[PDB]
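As provided, input.txt (compact mmCIF, C-alpha atoms) reads as follows.
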```txt
# COMPACT_ATOMS: atom_id res chain seq x y z
CA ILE A 1 11.32 20.62 7.74
CA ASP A 2 11.85 23.97 9.49
CA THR A 3 12.63 23.93 13.21
CA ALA A 4 10.89 27.28 13.73
CA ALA A 5 7.82 26.01 11.87
CA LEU A 6 7.80 22.94 14.16
CA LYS A 7 7.99 24.97 17.36
CA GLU A 8 5.24 27.26 16.07
CA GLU A 9 2.92 24.37 15.15
CA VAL A 10 3.47 22.76 18.56
CA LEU A 11 2.79 26.01 20.46
CA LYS A 12 -0.46 26.51 18.55
CA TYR A 13 -1.53 22.90 19.00
CA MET A 14 -0.82 22.99 22.71
CA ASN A 15 -2.95 26.09 22.94
CA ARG A 16 -5.83 24.60 20.89
CA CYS A 17 -6.18 20.90 21.79
CA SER A 18 -8.84 19.29 23.93
CA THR A 19 -7.63 17.26 26.90
CA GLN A 20 -8.64 13.95 25.28
CA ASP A 21 -7.10 14.94 21.95
CA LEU A 22 -3.84 15.63 23.83
CA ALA A 23 -3.95 12.15 25.40
CA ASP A 24 -4.72 10.68 21.97
CA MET A 25 -1.74 12.43 20.40
CA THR A 26 0.94 12.04 23.05
CA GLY A 27 -0.05 8.85 24.81
CA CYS A 28 -0.24 10.58 28.19
CA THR A 29 -2.97 9.88 30.72
CA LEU A 30 -6.19 11.89 30.87
CA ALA A 31 -5.16 13.43 34.21
CA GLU A 32 -1.85 14.49 32.71
CA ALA A 33 -3.62 16.11 29.76
CA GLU A 34 -6.00 17.81 32.20
CA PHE A 35 -3.16 19.26 34.29
CA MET A 36 -1.35 20.42 31.15
CA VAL A 37 -4.40 21.98 29.64
CA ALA A 38 -5.29 23.77 32.86
CA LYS A 39 -1.92 25.51 32.90
CA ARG A 40 -2.52 27.27 29.53
CA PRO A 41 -2.67 29.70 27.55
CA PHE A 42 1.02 29.24 26.76
CA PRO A 43 2.52 32.50 25.48
CA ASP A 44 5.65 30.60 24.43
CA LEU A 45 7.02 27.07 24.57
CA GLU A 46 9.05 27.96 27.66
CA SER A 47 5.79 28.51 29.50
CA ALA A 48 4.80 24.94 28.58
CA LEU A 49 8.24 23.67 29.55
CA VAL A 50 8.01 24.79 33.19
CA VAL A 51 4.90 22.71 33.82
CA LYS A 52 5.39 19.96 36.41
CA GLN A 53 2.97 18.14 38.66
CA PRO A 54 3.29 18.80 42.40
CA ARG A 55 5.36 16.72 44.78
CA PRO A 56 3.18 14.59 47.14
CA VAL A 57 1.80 16.40 50.17
CA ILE A 58 3.09 15.07 53.49
CA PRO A 59 0.18 13.53 55.50
CA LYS A 60 11.59 10.91 36.34
CA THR A 61 10.82 13.45 33.62
CA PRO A 62 8.59 16.47 34.32
CA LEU A 63 5.25 16.65 32.57
CA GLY A 64 5.86 19.80 30.53
CA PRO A 65 9.09 18.80 28.81
CA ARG A 66 7.81 15.28 28.20
CA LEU A 67 4.67 16.42 26.36
CA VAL A 68 6.37 19.20 24.40
CA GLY A 69 9.01 16.69 23.28
CA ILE A 70 6.46 14.09 22.22
CA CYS A 71 4.46 16.70 20.30
CA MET A 72 7.53 17.80 18.46
CA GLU A 73 8.40 14.20 17.45
CA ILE A 74 4.79 13.79 16.31
CA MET A 75 4.67 17.08 14.36
CA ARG A 76 7.84 15.94 12.63
CA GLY A 77 6.09 12.71 11.66
CA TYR A 78 2.98 14.51 10.43
CA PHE A 79 5.14 16.74 8.23
CA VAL A 80 6.65 13.62 6.62
CA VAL A 81 3.14 12.15 6.17
CA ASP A 82 2.13 15.40 4.44
CA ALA A 83 5.05 15.11 2.00
CA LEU A 84 4.00 11.52 1.18
CA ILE A 85 0.42 12.67 0.56
CA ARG A 86 1.60 15.51 -1.74
CA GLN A 87 3.75 13.12 -3.82
CA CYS A 88 0.72 10.80 -3.98
CA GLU A 89 -1.27 13.86 -5.14
CA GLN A 90 1.27 14.42 -7.95
CA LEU A 91 1.43 10.88 -9.27
CA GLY A 92 -2.26 10.11 -8.91
CA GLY A 93 -2.92 13.22 -10.99
CA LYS A 94 -0.94 11.48 -13.72
CA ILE A 95 -3.12 8.36 -13.33
CA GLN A 96 -6.33 10.39 -13.63
CA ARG A 97 -5.09 12.14 -16.76
CA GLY A 98 -4.10 8.81 -18.35
CA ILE A 99 -7.58 7.45 -17.65
CA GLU A 100 -9.26 10.55 -19.12
CA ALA A 101 -7.06 10.14 -22.19
CA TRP A 102 -8.52 6.63 -22.65
CA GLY A 103 -12.01 8.10 -22.99
CA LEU A 104 -13.78 6.35 -20.05
CA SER A 105 -15.75 7.18 -16.90
CA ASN A 106 -15.52 6.76 -13.11
CA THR A 107 -18.50 6.20 -10.83
CA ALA A 108 -16.63 6.87 -7.53
CA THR A 109 -15.31 10.07 -5.94
CA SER A 110 -11.86 10.43 -4.37
CA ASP A 111 -13.19 10.70 -0.78
CA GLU A 112 -14.26 7.05 -1.13
CA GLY A 113 -10.51 6.30 -1.67
CA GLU A 114 -10.79 4.32 -4.93
CA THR A 115 -11.70 4.38 -8.61
CA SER A 116 -14.68 2.44 -10.07
CA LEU A 117 -14.47 1.95 -13.84
CA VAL A 118 -17.29 -0.46 -14.70
CA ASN A 119 -17.84 -0.47 -18.48
CA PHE A 120 -16.64 1.04 -21.75
CA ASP A 121 -20.00 1.01 -23.56
CA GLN A 122 -19.50 4.36 -25.28
CA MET A 123 -16.22 3.15 -26.75
CA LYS A 124 -18.07 0.00 -27.72
CA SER A 125 -20.66 2.08 -29.60
CA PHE A 126 -18.53 4.85 -31.13
CA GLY A 127 -15.13 3.15 -31.13
CA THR A 128 -11.74 3.76 -29.56
CA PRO A 129 -10.06 7.03 -30.59
CA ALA A 130 -6.87 6.97 -32.64
CA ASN A 131 -5.09 8.73 -29.77
CA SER A 132 -6.21 6.21 -27.11
CA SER A 133 -4.11 3.39 -25.66
CA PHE A 134 -7.14 1.38 -24.47
CA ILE A 135 -7.33 -2.19 -25.73
CA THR A 136 -10.90 -3.47 -25.97
CA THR A 137 -10.05 -7.00 -27.08
CA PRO A 138 -8.65 -9.82 -24.92
CA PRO A 139 -4.89 -10.36 -25.25
CA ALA A 140 -3.83 -12.72 -28.03
CA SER A 141 -1.78 -14.71 -25.48
CA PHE A 142 -4.95 -15.22 -23.44
CA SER A 143 -6.89 -18.46 -23.70
CA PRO A 144 -9.47 -18.14 -26.52
CA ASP A 145 -11.89 -20.32 -24.56
CA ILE A 146 -12.19 -17.90 -21.62
CA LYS A 147 -14.39 -14.80 -21.83
CA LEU A 148 -13.09 -11.62 -20.17
CA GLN A 149 -15.85 -9.41 -18.80
CA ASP A 150 -15.82 -5.73 -19.70
CA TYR A 151 -14.81 -4.67 -16.17
CA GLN A 152 -11.82 -7.04 -16.45
CA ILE A 153 -10.67 -5.62 -19.80
CA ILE A 154 -10.71 -2.34 -17.90
CA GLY A 155 -8.76 -3.97 -15.07
CA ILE A 156 -5.90 -5.09 -17.29
CA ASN A 157 -5.82 -1.77 -19.14
CA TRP A 158 -5.70 0.08 -15.80
CA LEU A 159 -2.91 -2.14 -14.49
CA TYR A 160 -0.95 -1.52 -17.69
CA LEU A 161 -1.54 2.24 -17.41
CA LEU A 162 0.02 2.16 -13.93
CA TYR A 163 2.84 -0.07 -15.21
CA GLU A 164 3.62 2.51 -17.90
CA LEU A 165 3.62 5.40 -15.45
CA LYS A 166 6.20 3.52 -13.38
CA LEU A 167 3.87 3.39 -10.37
CA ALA A 168 2.18 0.68 -8.28
CA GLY A 169 -1.39 -0.60 -8.14
CA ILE A 170 -3.98 -1.82 -5.67
CA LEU A 171 -6.67 -4.01 -7.18
CA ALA A 172 -9.46 -4.11 -4.62
CA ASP A 173 -12.45 -5.56 -6.48
CA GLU A 174 -14.98 -7.30 -4.28
CA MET A 175 -14.42 -10.97 -3.58
CA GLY A 176 -15.66 -13.16 -6.41
CA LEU A 177 -14.90 -10.74 -9.27
CA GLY A 178 -11.82 -12.64 -10.50
CA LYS A 179 -8.87 -10.53 -9.31
CA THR A 180 -6.69 -13.63 -9.94
CA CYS A 181 -8.12 -13.94 -13.44
CA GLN A 182 -7.48 -10.24 -14.07
CA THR A 183 -3.87 -10.62 -12.86
CA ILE A 184 -3.28 -13.52 -15.23
CA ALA A 185 -4.84 -11.57 -18.09
CA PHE A 186 -2.52 -8.70 -17.24
CA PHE A 187 0.45 -11.03 -17.59
CA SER A 188 -0.87 -12.12 -21.00
CA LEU A 189 -1.32 -8.46 -22.02
CA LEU A 190 2.33 -7.83 -21.16
CA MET A 191 3.27 -10.93 -23.14
CA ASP A 192 1.49 -9.49 -26.27
CA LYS A 193 3.81 -6.50 -25.85
CA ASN A 194 6.93 -8.69 -25.68
CA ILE A 195 7.26 -8.14 -21.92
CA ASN A 196 7.80 -11.70 -20.74
CA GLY A 197 8.87 -11.64 -17.08
CA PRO A 198 10.07 -13.26 -14.94
CA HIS A 199 7.30 -12.10 -12.64
CA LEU A 200 6.49 -13.19 -9.11
CA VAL A 201 3.18 -14.00 -7.45
CA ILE A 202 3.27 -14.32 -3.67
CA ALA A 203 0.14 -15.97 -2.30
CA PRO A 204 -1.22 -17.65 0.80
CA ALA A 205 -0.78 -21.42 0.79
CA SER A 206 -4.61 -21.49 0.97
CA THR A 207 -4.81 -20.41 -2.72
CA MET A 208 -1.88 -21.94 -4.50
CA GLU A 209 -3.47 -24.90 -6.31
CA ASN A 210 -6.04 -22.33 -7.42
CA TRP A 211 -3.31 -20.13 -8.89
CA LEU A 212 -1.81 -23.14 -10.68
CA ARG A 213 -5.23 -24.20 -12.01
CA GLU A 214 -6.00 -20.65 -13.17
CA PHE A 215 -2.61 -20.23 -14.88
CA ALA A 216 -3.22 -23.48 -16.78
CA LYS A 217 -6.85 -22.64 -17.67
CA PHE A 218 -6.60 -18.91 -18.51
CA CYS A 219 -3.18 -18.50 -20.10
CA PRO A 220 -1.42 -21.83 -20.66
CA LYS A 221 1.19 -19.97 -22.66
CA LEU A 222 2.78 -18.67 -19.44
CA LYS A 223 5.54 -20.91 -18.13
CA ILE A 224 5.05 -21.16 -14.34
CA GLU A 225 7.76 -22.02 -11.81
CA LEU A 226 6.45 -23.16 -8.43
CA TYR A 227 8.86 -22.31 -5.60
CA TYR A 228 7.39 -24.60 -2.92
CA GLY A 229 8.35 -27.64 -0.82
CA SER A 230 11.05 -28.78 1.61
CA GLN A 231 14.19 -26.78 2.32
CA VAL A 232 15.93 -29.44 0.27
CA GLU A 233 13.36 -29.47 -2.54
CA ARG A 234 13.57 -25.66 -2.62
CA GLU A 235 17.35 -25.86 -2.84
CA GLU A 236 17.24 -28.15 -5.85
CA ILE A 237 14.68 -25.81 -7.43
CA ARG A 238 17.19 -22.99 -7.01
CA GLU A 239 19.92 -25.22 -8.42
CA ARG A 240 17.77 -26.05 -11.44
CA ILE A 241 16.77 -22.42 -12.12
CA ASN A 242 20.11 -20.66 -11.61
CA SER A 243 21.45 -22.74 -14.48
CA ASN A 244 19.40 -21.04 -17.24
CA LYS A 245 18.07 -24.31 -18.63
CA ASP A 246 14.39 -23.36 -19.11
CA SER A 247 13.56 -19.68 -18.58
CA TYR A 248 10.10 -19.04 -17.10
CA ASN A 249 7.44 -16.31 -17.10
CA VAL A 250 5.92 -16.37 -13.58
CA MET A 251 7.17 -17.76 -10.29
CA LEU A 252 4.58 -18.71 -7.69
CA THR A 253 5.45 -18.92 -3.98
CA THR A 254 3.96 -18.26 -0.53
CA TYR A 255 4.52 -15.51 2.00
CA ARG A 256 6.29 -17.92 4.39
CA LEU A 257 8.76 -18.99 1.73
CA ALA A 258 9.18 -15.52 0.24
CA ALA A 259 10.02 -13.84 3.53
CA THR A 260 11.21 -16.10 6.34
CA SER A 261 14.71 -17.49 5.63
CA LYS A 262 17.85 -15.84 4.21
CA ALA A 263 18.33 -18.29 1.34
CA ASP A 264 14.85 -17.98 -0.22
CA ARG A 265 14.98 -14.20 0.27
CA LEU A 266 18.07 -13.59 -1.77
CA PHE A 267 17.16 -16.24 -4.36
CA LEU A 268 14.11 -14.07 -5.08
CA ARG A 269 16.39 -11.03 -4.85
CA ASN A 270 18.57 -12.34 -7.64
CA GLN A 271 15.67 -13.25 -9.91
CA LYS A 272 15.18 -9.53 -10.81
CA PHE A 273 11.41 -9.67 -11.12
CA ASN A 274 9.46 -7.28 -13.33
CA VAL A 275 5.90 -7.48 -11.93
CA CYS A 276 5.44 -8.62 -8.31
CA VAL A 277 1.87 -9.46 -7.26
CA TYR A 278 0.97 -9.73 -3.56
CA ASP A 279 -2.24 -11.73 -3.40
CA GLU A 280 -4.27 -10.96 -0.27
CA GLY A 281 -1.23 -9.08 0.92
CA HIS A 282 -2.61 -7.62 4.14
CA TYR A 283 0.99 -7.66 5.41
CA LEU A 284 1.53 -4.62 3.20
CA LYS A 285 -1.01 -2.83 5.45
CA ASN A 286 1.40 -2.90 8.41
CA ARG A 287 4.77 -1.28 7.75
CA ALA A 288 5.76 -2.03 11.37
CA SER A 289 6.55 -5.70 10.72
CA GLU A 290 9.62 -7.72 9.80
CA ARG A 291 7.49 -9.44 7.16
CA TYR A 292 6.74 -6.10 5.51
CA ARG A 293 10.38 -5.06 5.12
CA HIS A 294 11.19 -8.48 3.68
CA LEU A 295 8.27 -8.40 1.21
CA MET A 296 9.17 -4.90 0.10
CA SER A 297 12.85 -5.70 -0.07
CA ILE A 298 12.30 -8.08 -3.04
CA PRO A 299 13.33 -6.13 -6.15
CA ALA A 300 10.51 -5.48 -8.63
CA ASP A 301 9.72 -2.87 -11.30
CA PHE A 302 5.94 -2.90 -10.74
CA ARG A 303 4.15 -3.90 -7.52
CA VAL A 304 0.49 -4.93 -7.40
CA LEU A 305 -1.51 -5.68 -4.26
CA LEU A 306 -4.73 -7.72 -4.56
CA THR A 307 -7.32 -7.29 -1.80
CA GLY A 308 -11.04 -7.62 -1.14
CA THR A 309 -11.12 -4.65 1.27
CA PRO A 310 -11.34 -0.90 0.52
CA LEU A 311 -8.87 1.47 2.14
CA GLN A 312 -9.57 1.68 5.91
CA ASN A 313 -9.73 4.87 7.99
CA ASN A 314 -6.47 4.04 9.73
CA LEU A 315 -3.46 6.32 9.46
CA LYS A 316 -0.92 3.59 10.14
CA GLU A 317 -2.39 1.36 7.42
CA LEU A 318 -2.52 4.27 4.96
CA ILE A 319 1.10 5.17 5.63
CA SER A 320 2.08 1.55 5.05
CA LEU A 321 0.26 1.61 1.68
CA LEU A 322 1.77 5.02 0.80
CA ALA A 323 5.22 3.48 1.24
CA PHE A 324 3.98 0.56 -0.88
CA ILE A 325 2.75 2.62 -3.85
CA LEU A 326 5.10 5.60 -3.95
CA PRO A 327 8.32 5.24 -5.97
CA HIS A 328 11.56 5.06 -4.01
CA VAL A 329 9.95 5.79 -0.63
CA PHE A 330 10.61 2.39 0.96
CA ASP A 331 14.36 2.86 0.30
CA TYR A 332 14.18 6.11 2.28
CA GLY A 333 14.44 5.66 6.04
CA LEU A 334 11.07 7.14 7.12
CA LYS A 335 12.62 7.19 10.61
CA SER A 336 10.54 10.25 11.55
CA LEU A 337 7.46 8.00 11.27
CA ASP A 338 8.86 5.50 13.79
CA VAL A 339 7.21 7.29 16.71
CA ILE A 340 3.75 6.91 15.12
CA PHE A 341 4.09 3.13 14.83
CA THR A 342 5.20 2.80 18.49
CA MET A 343 2.08 4.52 19.89
CA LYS A 344 0.00 1.54 21.02
CA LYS A 345 -3.70 2.22 21.44
CA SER A 346 -5.48 1.54 24.71
CA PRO A 347 -8.75 2.40 26.48
CA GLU A 348 -7.29 5.75 27.61
CA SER A 349 -5.91 6.98 24.26
CA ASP A 350 -5.49 6.13 20.58
CA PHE A 351 -3.20 8.12 18.28
CA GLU A 352 -5.60 7.30 15.44
CA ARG A 353 -8.30 9.40 17.15
CA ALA A 354 -6.16 12.55 17.39
CA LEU A 355 -7.69 15.27 15.25
CA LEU A 356 -4.48 15.80 13.21
CA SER A 357 -4.37 12.04 12.53
CA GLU A 358 -7.96 12.06 11.27
CA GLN A 359 -7.18 15.02 9.04
CA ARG A 360 -4.34 13.11 7.45
CA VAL A 361 -6.55 10.02 7.02
CA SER A 362 -9.13 12.02 5.10
CA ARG A 363 -6.53 13.72 2.95
CA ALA A 364 -4.57 10.57 2.15
CA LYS A 365 -7.66 8.45 1.31
CA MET A 366 -8.60 11.14 -1.15
CA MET A 367 -5.19 11.19 -2.85
CA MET A 368 -4.66 7.42 -2.90
CA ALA A 369 -7.97 6.90 -4.70
CA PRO A 370 -6.45 6.82 -8.28
CA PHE A 371 -4.10 4.03 -7.11
CA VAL A 372 -7.03 1.81 -6.05
CA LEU A 373 -9.30 0.02 -8.52
CA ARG A 374 -12.42 -1.32 -6.76
CA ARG A 375 -15.59 -2.64 -8.40
CA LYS A 376 -18.45 -4.27 -6.46
CA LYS A 377 -20.74 -7.22 -7.29
CA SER A 378 -23.71 -4.81 -7.35
CA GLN A 379 -22.03 -2.78 -10.14
CA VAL A 380 -20.98 -5.55 -12.56
CA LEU A 381 -24.04 -7.86 -12.37
```
If you convert what's in this file into structure tokens, what do you get?
Amino acid sequence: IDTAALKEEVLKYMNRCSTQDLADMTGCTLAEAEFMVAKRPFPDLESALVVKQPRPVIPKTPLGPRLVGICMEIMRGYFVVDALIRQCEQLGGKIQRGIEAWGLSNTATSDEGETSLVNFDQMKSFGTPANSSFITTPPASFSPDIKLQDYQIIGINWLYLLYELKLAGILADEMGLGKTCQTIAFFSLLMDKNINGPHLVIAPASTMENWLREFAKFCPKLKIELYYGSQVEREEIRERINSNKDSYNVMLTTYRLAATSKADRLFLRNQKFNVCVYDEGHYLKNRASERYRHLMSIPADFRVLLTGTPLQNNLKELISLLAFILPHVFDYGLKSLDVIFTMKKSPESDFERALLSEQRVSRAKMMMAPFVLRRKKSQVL
């Protein structure tokens, strides 16, 4: 991150921006942006730094320095966002090549910020190549009485592809397409391969009898440990589990329990989970939250987020997901991004509407697309 490059970028921006774009980016008022803008062209940054609004006419930080300083903090942040997007470009390239080495097709384009793999008919007809890792059959651990749809066989193969690449996945199928069922089938796929957990599933209380029901119905072979109840009940659960009496495959808990209080937090810390699934984990969309840091602080080899929503055109959300899916980023500070998450929107200005923000939204949505599997009802009916 070159100081001279920063100063250059800021000088050019200050000379280019609209008044409203300047308010959007710096959080200043529209009259401040108007004054600023009317003092330009700026031949150098010093010329911007002498700008100050007049003292009242007779009937504590001057404008110039304040805006130049904010723009340089922001440019710093954007440069960090760009590095995140380039890493995402790298690793998603590896996802795309793994998919192409299956021998299967995608209906979506990157700009839609997802992948849509709907069927494997041509592998059905002509067969799976000797060089392909795709598994067309249900897992042997999976309940024989439950039929997996073709798009769900794809789901568990895709999840395992991303597991192998040491990445992270977002499963964003439309509501009703059995994301919970595909998760459980993924667990049973791992179990075929002698990968047995423990794994964690964090869910809203609203869905936890459903997770228990679906575990029992779809893959009864998984041993499930429910981490729920009173502080005291939870404590005896920890007592019972820490003594390795009956090892388990999947632990089920809620976001409240998983994040709120010290004792639960480091119990989950010490479990050393392999897969960690965040069901309806919209908290992962907001890195500027205590809950986020606690969710992401739980150690896990492979993180999966389940959601019914495609990626939104919101830079803050996309940065939060970039730190979710990119290896070893969350352990970095990302302090240079702090300033972006402190810019509160208002009627006068919104950092999301700054042109440089929008450009990063477009670019990131495009590069995050191989990390997002999304099928719609209208595709799989």
Residues near residue 311 of chain A, anyone? I mean within 10 Å using all atoms listed in the file, not counting same-chain ones fewer than 5 positions away, as a VMD selection string.
chain A and resid 112 to 114 170 172 285 317 to 318 321 365 368 to 369 372 374
Would you put the residues from that selection into a file with C-alpha atoms, as a PDB file, in the coordinates of the input?
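The resulting file, part.pdb, is reproduced below:
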```pdb
ATOM      1  CA  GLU A 112     -14.260   7.050  -1.130  1.00  0.00           C
ATOM      2  CA  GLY A 113     -10.510   6.300  -1.670  1.00  0.00           C
ATOM      3  CA  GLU A 114     -10.790   4.320  -4.930  1.00  0.00           C
ATOM      4  CA  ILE A 170      -3.980  -1.820  -5.670  1.00  0.00           C
ATOM      5  CA  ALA A 172      -9.460  -4.110  -4.620  1.00  0.00           C
ATOM      6  CA  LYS A 285      -1.010  -2.830   5.450  1.00  0.00           C
ATOM      7  CA  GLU A 317      -2.390   1.360   7.420  1.00  0.00           C
ATOM      8  CA  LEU A 318      -2.520   4.270   4.960  1.00  0.00           C
ATOM      9  CA  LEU A 321       0.260   1.610   1.680  1.00  0.00           C
ATOM     10  CA  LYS A 365      -7.660   8.450   1.310  1.00  0.00           C
ATOM     11  CA  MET A 368      -4.660   7.420  -2.900  1.00  0.00           C
ATOM     12  CA  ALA A 369      -7.970   6.900  -4.700  1.00  0.00           C
ATOM     13  CA  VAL A 372      -7.030   1.810  -6.050  1.00  0.00           C
ATOM     14  CA  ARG A 374     -12.420  -1.320  -6.760  1.00  0.00           C
TER      15      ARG A 374
END
```
Excluding residue 270 of chain A and residues on its chain fewer than 4 positions from it, collect all residues at most 12 Å away from it, counting only C-alpha atoms, and give them as a ChimeraX atom specification.
/A:198,238,241-242,263-266,274,297-300
Taking only C-alpha atoms into account, name the residue in A:323, A:315, A:74, A:118 that is nearest to residue 352 of chain A.
A:315
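Reported to one decimal place, the separation of atom CA of residue 342 of chain A from atom CA of residue 49 of chain A is 23.8 Å.
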Near-residue 376 of chain A list (10 Å; all atoms listed in the file; drop same-chain fewer than 6 positions) as a PDB file with C-alpha atoms, in the coordinates of the input:
```pdb
ATOM      1  CA  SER A 116     -14.680   2.440 -10.070  1.00  0.00           C
ATOM      2  CA  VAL A 118     -17.290  -0.460 -14.700  1.00  0.00           C
ATOM      3  CA  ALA A 172      -9.460  -4.110  -4.620  1.00  0.00           C
ATOM      4  CA  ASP A 173     -12.450  -5.560  -6.480  1.00  0.00           C
ATOM      5  CA  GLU A 174     -14.980  -7.300  -4.280  1.00  0.00           C
ATOM      6  CA  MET A 175     -14.420 -10.970  -3.580  1.00  0.00           C
ATOM      7  CA  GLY A 176     -15.660 -13.160  -6.410  1.00  0.00           C
ATOM      8  CA  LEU A 177     -14.900 -10.740  -9.270  1.00  0.00           C
ATOM      9  CA  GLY A 308     -11.040  -7.620  -1.140  1.00  0.00           C
TER      10      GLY A 308
END
```
Given the point (15.2, -11.6, 5.9) in the file's coordinates, find the residues that have an atom at most 12 Å from it, counting all atoms listed in the file, and give them as number ranges by chain.
A: 256-269, 289-298
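Distance-wise, atom CA of residue 279 of chain A and atom CA of residue 307 of chain A end up 6.9 Å apart.
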Selection: 8 Å around residue 103 of chain A, all atoms listed in the file, excl. self and same-chain fewer than 3 positions, as a ChimeraX atom specification:
/A:99-100,123,128-129,132
Using all atoms listed in the file, which protein or nucleic acid residues come within 6 Å of segment 21-24 of chain A? Drop anything in the same chain fewer than 3 positions from it, and give the result as a list in words.
residues 18, 27, 28, 29, 30, 33, 349, 350, 351 and 354 of chain A
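Here atom CA of residue 34 of chain A is placed at a distance of 25.2 Å from atom CA of residue 360 of chain A.
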Just checking: using only C-alpha atoms, which residue out of A:337, A:43, A:251, A:220 ends up closest to residue 208 of chain A?
A:251
Around all listed atoms of segment 182-196 of chain A, padded 4 Å per side, what centre and edge lengths does the axis-aligned box have in Å to one decimal, as AutoDock Vina command-line options?
```
--center_x 0.2 --center_y -10.0 --center_z -19.6 --size_x 23.3 --size_y 15.0 --size_z 21.4
```
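Using all atoms listed in the file, the protein and nucleic acid residues lying at most 6 Å from the point (0.7, 10.2, 12.9) are residues 78, 340 and 357 of chain A.
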Using the incomplete input, complete segment 12-24 of chain A to the level of N, CA, C and O atoms; output as a short mmCIF file (atom, residue, chain, number, x, y, z; two decimals), in the frame of the given file.
```cif
data_model
loop_
_atom_site.label_atom_id
_atom_site.label_comp_id
_atom_site.auth_asym_id
_atom_site.auth_seq_id
_atom_site.Cartn_x
_atom_site.Cartn_y
_atom_site.Cartn_z
N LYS A 12 0.94 26.31 18.89
CA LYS A 12 -0.46 26.51 18.55
C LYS A 12 -1.30 25.30 18.93
O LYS A 12 -2.40 25.44 19.49
N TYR A 13 -0.79 24.10 18.66
CA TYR A 13 -1.53 22.90 19.00
C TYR A 13 -1.78 22.82 20.50
O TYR A 13 -2.90 22.57 20.95
N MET A 14 -0.73 23.03 21.28
CA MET A 14 -0.82 22.99 22.71
C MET A 14 -1.83 23.99 23.22
O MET A 14 -2.45 23.78 24.28
N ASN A 15 -1.98 25.10 22.49
CA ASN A 15 -2.95 26.09 22.94
C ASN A 15 -4.37 25.79 22.50
O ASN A 15 -5.30 26.35 23.07
N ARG A 16 -4.54 24.89 21.52
CA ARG A 16 -5.83 24.60 20.89
C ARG A 16 -6.49 23.30 21.37
O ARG A 16 -7.71 23.25 21.51
N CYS A 17 -5.69 22.27 21.65
CA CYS A 17 -6.18 20.90 21.79
C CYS A 17 -7.14 20.73 22.96
O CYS A 17 -6.99 21.34 24.02
N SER A 18 -8.09 19.81 22.79
CA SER A 18 -8.84 19.29 23.93
C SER A 18 -7.95 18.40 24.79
O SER A 18 -6.91 17.90 24.33
N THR A 19 -8.38 18.16 26.03
CA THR A 19 -7.63 17.26 26.90
C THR A 19 -7.54 15.86 26.28
O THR A 19 -6.45 15.28 26.18
N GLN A 20 -8.67 15.32 25.83
CA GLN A 20 -8.64 13.95 25.28
C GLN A 20 -7.84 13.89 23.99
O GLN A 20 -7.17 12.89 23.71
N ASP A 21 -7.91 14.93 23.16
CA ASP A 21 -7.10 14.94 21.95
C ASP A 21 -5.62 14.94 22.29
O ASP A 21 -4.82 14.31 21.60
N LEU A 22 -5.24 15.62 23.39
CA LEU A 22 -3.84 15.63 23.83
C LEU A 22 -3.40 14.25 24.30
O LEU A 22 -2.28 13.81 24.00
N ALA A 23 -4.26 13.54 25.06
CA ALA A 23 -3.95 12.15 25.40
C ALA A 23 -3.84 11.28 24.15
O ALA A 23 -2.90 10.50 24.01
N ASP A 24 -4.79 11.42 23.22
CA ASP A 24 -4.72 10.68 21.97
C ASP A 24 -3.39 10.91 21.26
O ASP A 24 -2.73 9.97 20.83
#
```
